[PDB]
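Dumped upload_28.cif below, it's mmCIF, C-alpha atoms and all ligand atoms:
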data_entry
loop_
_atom_site.group_PDB
_atom_site.id
_atom_site.type_symbol
_atom_site.label_atom_id
_atom_site.label_comp_id
_atom_site.auth_asym_id
_atom_site.auth_seq_id
_atom_site.Cartn_x
_atom_site.Cartn_y
_atom_site.Cartn_z
ATOM 1 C CA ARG Q 1 115.951 159.994 70.103
ATOM 2 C CA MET Q 2 119.316 158.973 71.685
ATOM 3 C CA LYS Q 3 117.579 155.989 72.934
ATOM 4 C CA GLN Q 4 116.240 154.865 69.573
ATOM 5 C CA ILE Q 5 119.747 155.501 68.162
ATOM 6 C CA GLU Q 6 121.237 153.242 70.897
ATOM 7 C CA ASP Q 7 118.847 150.347 70.120
ATOM 8 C CA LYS Q 8 119.435 150.803 66.370
ATOM 9 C CA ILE Q 9 123.229 150.563 66.904
ATOM 10 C CA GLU Q 10 122.677 147.253 68.756
ATOM 11 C CA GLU Q 11 120.690 145.931 65.782
ATOM 12 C CA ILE Q 12 123.481 146.990 63.367
ATOM 13 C CA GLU Q 13 126.065 145.280 65.640
ATOM 14 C CA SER Q 14 123.889 142.130 65.773
ATOM 15 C CA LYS Q 15 123.793 142.078 62.001
ATOM 16 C CA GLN Q 16 127.560 142.583 61.785
ATOM 17 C CA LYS Q 17 128.107 139.483 63.952
ATOM 18 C CA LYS Q 18 125.791 137.440 61.697
ATOM 19 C CA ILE Q 19 127.807 138.671 58.664
ATOM 20 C CA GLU Q 20 131.131 137.802 60.376
ATOM 21 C CA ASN Q 21 129.878 134.273 61.147
ATOM 22 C CA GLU Q 22 128.718 133.830 57.515
ATOM 23 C CA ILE Q 23 132.163 134.930 56.201
ATOM 24 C CA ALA Q 24 133.972 132.488 58.535
ATOM 25 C CA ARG Q 25 131.831 129.625 57.153
ATOM 26 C CA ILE Q 26 132.394 130.752 53.527
ATOM 27 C CA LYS Q 27 136.178 130.959 54.131
ATOM 28 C CA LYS Q 28 136.370 127.364 55.348
ATOM 29 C CA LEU Q 29 134.252 125.966 52.472
ATOM 30 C CA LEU Q 30 136.325 128.020 50.016
ATOM 31 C CA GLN Q 31 139.521 126.498 51.477
ATOM 32 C CA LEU Q 32 138.031 123.008 51.066
ATOM 33 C CA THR Q 33 137.299 123.644 47.368
ATOM 34 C CA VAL Q 34 140.876 124.968 46.768
ATOM 35 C CA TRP Q 35 142.187 121.720 48.332
ATOM 36 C CA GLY Q 36 139.752 119.710 46.160
ATOM 37 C CA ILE Q 37 140.841 121.304 42.853
ATOM 38 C CA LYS Q 38 144.470 120.618 43.922
ATOM 39 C CA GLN Q 39 143.943 116.864 44.377
ATOM 40 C CA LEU Q 40 142.001 116.575 41.114
ATOM 41 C CA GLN Q 41 144.703 118.446 39.169
ATOM 42 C CA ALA Q 42 147.489 116.354 40.775
ATOM 43 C CA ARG Q 43 145.633 113.147 39.818
ATOM 44 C CA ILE Q 44 144.996 114.086 36.150
ATOM 45 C CA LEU Q 45 148.537 115.391 35.551
ATOM 46 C CA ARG E 1 124.697 166.124 66.356
ATOM 47 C CA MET E 2 121.837 163.576 66.801
ATOM 48 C CA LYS E 3 120.867 164.387 63.354
ATOM 49 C CA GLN E 4 124.260 163.712 61.810
ATOM 50 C CA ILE E 5 124.349 160.469 63.853
ATOM 51 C CA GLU E 6 120.935 159.474 62.384
ATOM 52 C CA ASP E 7 122.075 160.042 58.769
ATOM 53 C CA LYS E 8 125.359 158.212 59.464
ATOM 54 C CA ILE E 9 123.422 155.183 60.807
ATOM 55 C CA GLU E 10 121.409 155.126 57.547
ATOM 56 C CA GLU E 11 124.658 155.072 55.552
ATOM 57 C CA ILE E 12 125.997 152.180 57.693
ATOM 58 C CA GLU E 13 122.686 150.297 57.181
ATOM 59 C CA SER E 14 122.874 150.959 53.412
ATOM 60 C CA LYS E 15 126.351 149.494 53.363
ATOM 61 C CA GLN E 16 125.229 146.468 55.381
ATOM 62 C CA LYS E 17 122.552 145.706 52.763
ATOM 63 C CA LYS E 18 125.151 145.940 49.968
ATOM 64 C CA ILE E 19 127.371 143.509 51.952
ATOM 65 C CA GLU E 20 124.432 141.106 52.516
ATOM 66 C CA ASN E 21 123.632 141.113 48.778
ATOM 67 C CA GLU E 22 127.316 140.440 47.931
ATOM 68 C CA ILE E 23 127.411 137.465 50.369
ATOM 69 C CA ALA E 24 124.217 135.972 48.870
ATOM 70 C CA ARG E 25 125.823 136.101 45.392
ATOM 71 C CA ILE E 26 129.109 134.598 46.687
ATOM 72 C CA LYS E 27 127.182 131.776 48.433
ATOM 73 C CA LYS E 28 125.427 130.735 45.226
ATOM 74 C CA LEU E 29 128.624 130.801 43.107
ATOM 75 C CA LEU E 30 130.425 128.869 45.859
ATOM 76 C CA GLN E 31 127.660 126.222 45.778
ATOM 77 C CA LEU E 32 128.036 125.963 41.989
ATOM 78 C CA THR E 33 131.792 125.319 42.302
ATOM 79 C CA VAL E 34 131.221 122.609 44.991
ATOM 80 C CA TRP E 35 128.788 120.912 42.560
ATOM 81 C CA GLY E 36 131.360 121.291 39.746
ATOM 82 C CA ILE E 37 134.234 119.659 41.679
ATOM 83 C CA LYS E 38 131.798 116.812 42.544
ATOM 84 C CA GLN E 39 130.982 116.001 38.903
ATOM 85 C CA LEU E 40 134.643 116.186 37.870
ATOM 86 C CA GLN E 41 135.715 113.869 40.709
ATOM 87 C CA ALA E 42 132.878 111.403 39.940
ATOM 88 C CA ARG E 43 133.935 111.336 36.261
ATOM 89 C CA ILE E 44 137.675 110.741 36.891
ATOM 90 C CA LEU E 45 137.114 108.053 39.548
ATOM 91 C CA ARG L 1 125.846 159.679 75.589
ATOM 92 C CA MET L 2 126.098 161.264 72.083
ATOM 93 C CA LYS L 3 129.740 160.987 72.454
ATOM 94 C CA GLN L 4 129.784 157.285 73.257
ATOM 95 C CA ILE L 5 127.368 156.799 70.320
ATOM 96 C CA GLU L 6 129.823 158.664 68.019
ATOM 97 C CA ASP L 7 132.796 156.473 69.042
ATOM 98 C CA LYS L 8 130.649 153.325 68.726
ATOM 99 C CA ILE L 9 129.660 154.322 65.154
ATOM 100 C CA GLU L 10 133.382 154.657 64.303
ATOM 101 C CA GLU L 11 133.990 151.129 65.616
ATOM 102 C CA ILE L 12 131.076 149.777 63.515
ATOM 103 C CA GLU L 13 132.475 151.604 60.437
ATOM 104 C CA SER L 14 135.958 150.178 61.155
ATOM 105 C CA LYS L 15 134.478 146.708 61.259
ATOM 106 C CA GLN L 16 132.569 147.302 58.019
ATOM 107 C CA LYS L 17 135.838 148.179 56.245
ATOM 108 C CA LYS L 18 137.466 144.978 57.560
ATOM 109 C CA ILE L 19 134.440 143.006 56.244
ATOM 110 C CA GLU L 20 134.635 144.761 52.836
ATOM 111 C CA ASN L 21 138.353 143.918 52.548
ATOM 112 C CA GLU L 22 137.651 140.257 53.466
ATOM 113 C CA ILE L 23 134.914 140.027 50.773
ATOM 114 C CA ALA L 24 137.236 141.508 48.108
ATOM 115 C CA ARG L 25 139.841 138.816 48.924
ATOM 116 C CA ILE L 26 137.196 136.034 48.900
ATOM 117 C CA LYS L 27 135.868 137.264 45.516
ATOM 118 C CA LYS L 28 139.288 137.030 43.876
ATOM 119 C CA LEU L 29 140.049 133.542 45.277
ATOM 120 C CA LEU L 30 136.556 132.418 44.235
ATOM 121 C CA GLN L 31 137.238 133.674 40.683
ATOM 122 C CA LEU L 32 140.522 131.732 40.640
ATOM 123 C CA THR L 33 138.738 128.491 41.602
ATOM 124 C CA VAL L 34 136.060 129.018 38.872
ATOM 125 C CA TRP L 35 138.919 129.411 36.345
ATOM 126 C CA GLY L 36 140.597 126.280 37.782
ATOM 127 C CA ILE L 37 137.502 124.049 37.463
ATOM 128 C CA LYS L 38 137.165 125.336 33.856
ATOM 129 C CA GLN L 39 140.670 124.235 32.817
ATOM 130 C CA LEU L 40 140.284 120.845 34.508
ATOM 131 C CA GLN L 41 136.920 120.217 32.813
ATOM 132 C CA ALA L 42 138.287 121.322 29.403
ATOM 133 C CA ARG L 43 141.248 118.932 29.815
ATOM 134 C CA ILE L 44 139.188 115.850 30.813
ATOM 135 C CA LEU L 45 136.540 116.364 28.107
HETATM 136 CL CL CL Q 101 135.326 127.435 44.963
HETATM 137 Y Y Y Q 102 119.650 148.453 74.452
HETATM 138 Y Y Y Q 103 117.513 160.401 57.333
HETATM 139 Y Y Y Q 104 135.862 159.822 67.500
HETATM 140 Y Y Y Q 105 128.404 145.579 58.490
#
Please re-express this file's structure in structure tokens.
Amino acid sequence: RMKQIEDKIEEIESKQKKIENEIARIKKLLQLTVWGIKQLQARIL
Amino acid sequence: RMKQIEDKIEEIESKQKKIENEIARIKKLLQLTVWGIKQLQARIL
Amino acid sequence: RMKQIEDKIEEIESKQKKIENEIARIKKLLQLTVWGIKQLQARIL
């Protein structure tokens, strides 16, 4: 059982790294959109 | 103890699925905003 | 081994809370950008 628990923990950790990588990508795209809205607002005002 | 560990792992996995679902929703809304900034920019230029 | 598993689970849970906090922050900034695109569109139309 301890063994199956150990391999399950590795699969949860693997998934956590995939999630972390997805968040990093989202954060950068989100920062690009914030910059984009800023230039558009500055141009129309 | 192995038992409590097993039920704890299920709660961590449950939480991981909730996180995954939240990211999927964020990704789609983020893609809608990127499209939105694109139409606004195209219209003002 | 059960012991190392227990401390590993706590580290996975710690990481899950950091992820949850990051998502909450992303969600609020994403809602600010949606509001921003709305005001810009309303102004140019
Ligand atoms: Cl956005
Ligand atoms: Y292994
Ligand atoms: Y169970
Ligand atoms: Y402990
Ligand atoms: Y997680």
Exercise. With only C-alpha atoms and all ligand atoms counted, collect every polymer residue having an atom within 7 Å of ligand Y 104 (chain Q); state the result as an MDAnalysis selection string.
Key: chainID L and resid 6:7 10
Quiz item: Mind telling me what the PyMOL selection byres ((chain L) within 8 of (chain Q and not hetatm)) catches here, as number ranges by chain?
Solution: L: 1-2, 5, 9, 12, 16, 19, 23, 26, 30, 33, 36-37, 40
Exercise. Would you work out the distance separating CA of residue 22 in chain Q from CA of residue 35 in chain L, expressed in Å to one decimal?
Key: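 Those two atoms sit 23.9 Å apart.
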Quiz prompt | For CA of residue 17 in chain E and CA of residue 32 in chain Q, the interatomic separation in Å (one decimal) | solution =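 Computing it gives 27.5 Å between the two atoms.
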Practice problem: Provide the CA of residue 29 in chain L to CA of residue 14 in chain E distance in Å, to one decimal place. | Solution: 25.8 Å
Kindly provide, as AutoDock Vina command-line options, the centre and edge lengths (Å, one decimal) of an axis-aligned box around all atoms of range 11-19 of chain E given in the file, with 6 Å on each side.
--center_x 125.0 --center_y 149.3 --center_z 53.8 --size_x 16.8 --size_y 23.6 --size_z 19.7
